[PDB]
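In structure tokens, one chain follows: the form deposited in one PDB entry.
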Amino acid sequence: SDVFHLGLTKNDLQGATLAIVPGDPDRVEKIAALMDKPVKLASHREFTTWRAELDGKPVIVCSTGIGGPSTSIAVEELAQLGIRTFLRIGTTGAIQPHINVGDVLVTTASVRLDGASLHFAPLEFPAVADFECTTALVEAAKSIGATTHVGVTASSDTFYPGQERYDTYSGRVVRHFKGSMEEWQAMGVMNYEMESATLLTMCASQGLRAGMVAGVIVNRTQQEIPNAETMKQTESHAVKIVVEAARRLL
């Protein structure tokens, strides 16, 4: 291994400069499966890496796990190995009433409710996605059919209190986040997830290209916790779109 965590050498990448980066290690194989010559490279902790081939060019799929910290490790080490473009494919909860479960969201920029982004740039720096990556995701979504929404996303270091969930061990939310969901809602924010603030800030401040798309598995104006019955369908929908977007970015 050339890096401390991922268990990868520059040779393993075979000249790849683009990585699809899902949160879930089990999703890595599914994403590689839509491409050619899918091959497992390594798996340590929450970091599972495959390589595949897209229009004859080598591409990396590598899981981040949940959160900015492990995301920050995966992105840094991939970048040491030569990755310059990063596409997160995730799952998300919508907070707007018109955004349905199954919809696909493309994040232009993120509300930074994380700590890791601050380790790369002060809060005033925008967690903004790369224009070409964002353009690639929107055009990709259009071409495969999805009902898509394009906008700002709130990116939180927690699943529970930072996304104002109250059905929890304690039933309470710290003052800073009490009433917060309603305010992001009034501000047109589309959804919550957990990694994009870190990804987007660390790439935009180090000359790396990054994009972000997620599939809606729950609407927070209905429920706190996602239903299981439609999660899998939504996941494959977003995965199809990220793979197609990668294709226009080679």
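Start at 1 with the first residue shown and count on from there. Here the rigid core means the biggest group of C-alpha atoms that line up within 1.5 Å when the two forms are laid on top of each other.
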* Determine if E229 is unmodelled in a third or more of the other PDB entries compared for this protein. => yes
* Is the mean CA B factor in the deposited entry higher across 142-150 or across 98-106? -> 142-150
* Taking the recorded C-alpha temperature factors, which stretch has the higher mean, 118-126 or 71-79? -> 71-79
* **Residue, from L199, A186, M194, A32, that the PDB entry assigns the highest Cα B-factor** => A32
* Asked: From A42, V218, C203, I66, which pick has the Cα B-factor that tops the rest in the entry?
  -> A42
* Structure fact -> Split the chain's modelled residues into thirds by Cα B-factor; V59 lands in the highest
* Asked: By its CA B factor, does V213 count among the lowest, middle or highest third of the modelled residues in the chain?
  -> middle
* Within-chain third of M190 by Cα B-factor, per the entry -> lowest
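From this point on, the text means the form deposited in another entry, which you will not see here.
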* To do: After superposing the two forms on their rigid core, pick out the one entry in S205, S43, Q185, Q223 with a CA shift of 2 Å or more between the shown form and the other one.
  => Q223
* Look at the CA atoms of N100 and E224: state whether they lie closer or farther apart in the other form than in this form, given a difference of 3 Å or more. => closer
